[PDB]
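The chain below stands alone and is given as structure tokens, in the form deposited without ligand NMY.
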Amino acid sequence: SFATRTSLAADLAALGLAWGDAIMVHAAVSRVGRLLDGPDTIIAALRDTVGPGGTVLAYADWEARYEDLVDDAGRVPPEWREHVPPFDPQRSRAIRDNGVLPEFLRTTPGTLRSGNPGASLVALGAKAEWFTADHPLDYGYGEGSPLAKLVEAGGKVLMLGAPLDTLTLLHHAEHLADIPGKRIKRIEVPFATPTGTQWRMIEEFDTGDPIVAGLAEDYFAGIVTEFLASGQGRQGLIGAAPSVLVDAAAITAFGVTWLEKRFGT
């Protein structure tokens, strides 16, 4: 049978999602079961559960398919530059590699989208403007980023059936961790401007593979599983989906400690 916006809100409240929360969601929509409005049922239920003073967020990123073309310095070959679609935070699609919910949130009326393309978040609700403002273009998973703001605001992250290694916030722990050997990525990015396309080199720690050597690609999942084993966070069903709800500040500190124990001096 169908789960509804009402039934999902009951499940979310039971799992610990609280009135006024800033909630970042990662979802595997099919695992939730039958939904009367599909992915939009999830968005509506989240909004119902945090209420008007809460904020609903997701990781947008952008497709940036031209990245396959760049040279070893990260630059776009001259013959391709004119063809590459520039980033526009109001128009560029969210990436769909981990389901359609971020794109569906992006196109829900009222949603705002932050300005660092590959690190961009979407936000809908009371603090959406603040969460998406002034996203630094370099090291966009670090200080002053939407992820840093989620920690500062005491926000939460919900894995709604999503694979645990897709918890984007742990890239903020990677950025913060005092460990050596961090992998740095440099890539040229085109930005839409009223005066035309402006290209800029972006530098950040790589988030496409673990920040340091010796880790499997899915190592974030193990960090989350250890966090839960330590007695932190909450687990329960949302619809039919096994789900995990964690405090943003708590999981970030745990991930920093996890990395510093294994790679620090």
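Heads up: residue numbers just count along the shown sequence, starting at 1.
The form deposited with ligand NMY bound is left out here; the points below concern that form.
Novice: I need the one stretch from 44 to 52, 236 to 244, 222 to 230, 200 to 208 whose residues put non-hydrogen atoms within 4.5 angstroms of ligand NMY in the bound PDB entry.
Specialist: It is 200 to 208 that comes within 4.5 Å of the partner.
Novice: Let me know the one among 89, 142, 118, 190 whose heavy atoms come within 4.5 Å of ligand NMY in the bound PDB entry, would you?
Specialist: None of the others qualify; the residue that does is 118.
Novice: With ligand NMY left out of view, which of 134, 152, 165, 138 would have a heavy atom within 4.5 Å of it in the bound PDB entry?
Specialist: Selected option: 165.
Novice: Although the partner isn't part of this model, could you tell me whether residue 171 comes within 4.5 Å of ligand NMY in the bound PDB entry, counting any heavy atom of the residue?
Specialist: Residue 171: contacts ligand NMY in the bound PDB entry.
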